[PDB]
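One structure below.
Every residue, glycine among them, receives a Cβ derived from its backbone with ideal geometry; neighbour counts consider all protein chains shown. What follows is calculated from the coordinates using simple rules that are stated; it is not laboratory data.
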Amino acid sequence: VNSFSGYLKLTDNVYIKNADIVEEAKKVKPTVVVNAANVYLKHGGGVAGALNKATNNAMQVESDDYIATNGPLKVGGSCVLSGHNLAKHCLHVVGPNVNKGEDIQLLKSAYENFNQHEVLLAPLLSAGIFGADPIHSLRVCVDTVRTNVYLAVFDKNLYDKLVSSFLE
Ligand SMILES: CCNC(=O)c1cc2c(N[C@H](c3ccc4nc(NC(C)=O)sc4c3)C(C)C)ncnc2[nH]1
């Protein structure tokens, strides 16, 4: 039903909220939830671990069957699979891991995948252990994505820093 509420409007198409993406998916019932994935779709940590545990591991079981038949994704690439109990679909997107020297320019490629979907619930890509500067990730999202994106950031200090920086 895409019933998003309580978001700050950053641009005509980008919205942001201090919220847990799992709880937002349960409340909103979005058509598409984005996972911040890795190339072999191993959902052990970060956002991916939270989304997978909220599906009682159904996302990992499906991802393993996909990888066995199709092989790993490319950095900057994506894959639509089932959204299970969280959404109709999950768009698994691979942002670059700048802590491992992957090219930060591929963060643009990663957000470009959002343009195939009219409306998405998403986390900030390449944050956590992937090491991209969160303000830079938000700017690449705003400059790249043309469709409607609702960003859930589950850290109040980071949310406030991102909003303050973007409003300068
Ligand atoms: C209680 C269950 N929920 C959570 O643990 C949870 C966590 C959470 C969340 N975390 C953000 C985050 C953390 C790690 C991380 N690792 C990444 N790696 C790749 C491959 O891109 S991207 C990424 C993003 C923080 C920056 C805020 N963002 C929204 N919703 C959430 N929910």
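Here are a few things to note about the model shown:
- Residue within the stretch 58-73 that is surrounded by fewer than 18 Cβ atoms within 10 Å (Cβ to Cβ), of a type outside the set (A, V, I, L, M) and under 19 Å from residue 124 (Cα atoms) present: no
- Of all residue pairs spaced 6 or more apart or on separate chains, those with beta-carbon atoms under 6 Å, a first member in the stretch 8-25 that is without any contact (Cβ under 8 Å) to a residue 24 or more places away in the chain and a second member that is within 15 Å of the ligand (Cβ to nearest atom) and of a type in the set (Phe, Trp, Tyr) are 9/15.
- Screening the candidates 70, 97 for the property of being in contact (Cβ under 8 Å) with a residue 24 or more places away in the chain and among the polar types (S, T, N, Q) yields one hit, 97.
- Residue within the stretch 2-13 that is within 18 Å of residue 114 (Cβ to Cβ), of a type in the set (D, E, K, R), near the ligand (Cβ under 10 Å from one of its atoms) and in contact with a strand residue (DSSP E or B) (Cβ under 9 Å, 6 or more places away or on another chain) present: no
- The strands (runs of 3 or more DSSP E) falling completely within the stretch 43-135 that include 1 or more residues that are closer than 22 Å to residue 18 by Cα map to 89-93, 119-122.
- Given (1) more than 17 Å from residue 128 (Cα to Cα); (2) surrounded by 13 or more Cβ atoms within 10 Å (Cβ to Cβ); (3) among the hydrophobic types (A, V, I, L, M, F, W, C); (4) over 13 Å from the mean Cα position of the chain (by Cα), index of the condition residue 25 fails: (4)
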